[PDB]
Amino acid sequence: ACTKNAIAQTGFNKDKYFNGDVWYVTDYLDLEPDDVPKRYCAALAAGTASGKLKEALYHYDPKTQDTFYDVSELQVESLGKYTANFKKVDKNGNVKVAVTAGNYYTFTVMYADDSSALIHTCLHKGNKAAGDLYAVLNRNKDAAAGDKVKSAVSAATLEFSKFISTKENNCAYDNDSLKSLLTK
């Protein structure tokens, strides 16, 4: 299902990435066909909350209106490479689906700077078939991918021309919920 051992950025700066702020997905590449929709909105917050490494996720399908949030405790495999549980929550952190063995994702930061990043994730959810998902992130939801992150896509032996943009979906995000979910 997933096939890639993504390599984390050399010299990854964890405190800068996990600073409590929001990252927007601007472009994505799924290696498995028919795995995710062709139009999508996603964002996350990443930070340490009371000593615990956390991510809060948001997904929105702009055609179906399917919406869900997750809160994730990350465990460290190596610098920039994590295994995350997930619990599905409402935007206020109330649990809808508890943490469960077999529901996890891996998360590898392949490149990051203050404004942009390239990540890989492999999602394992119960019975479902997994597939490699790469995402270009930016701190600014409207930013076109710049040369640092596009060069990193090339250095991963990927073609940025294959990535699908999220920019034409009228995506609107609740940054406040993502930040507050880090504590939940």
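Don't overthink the numbering: it's just position in the shown sequence, from 1.
Two stretches are in play, 73 to 81 and 97 to 105, and the higher mean C-alpha B-factor belongs to 97 to 105. Higher mean CA B-factor, judged across 124 to 132 and 61 to 69 from the recorded values: 124 to 132. Ranking 156, 29, 118, 46 by Cα temperature factor from the entry places 156 first. Per the deposited record, the Cα B-factor of residue 39 falls in the highest third when ranked against the other modelled residues of its chain. Sorting the modelled residues of the chain by their CA temperature factor places residue 181 in the lowest third. Split the chain's modelled residues into thirds by C-alpha temperature factor. Residue 170 is in the highest one. Sort the modelled residues of the chain by CA B factor and residue 52 lands in the middle third. In the deposited entry, the Cα temperature factor of residue 149 places it in the middle third of its chain's modelled residues.
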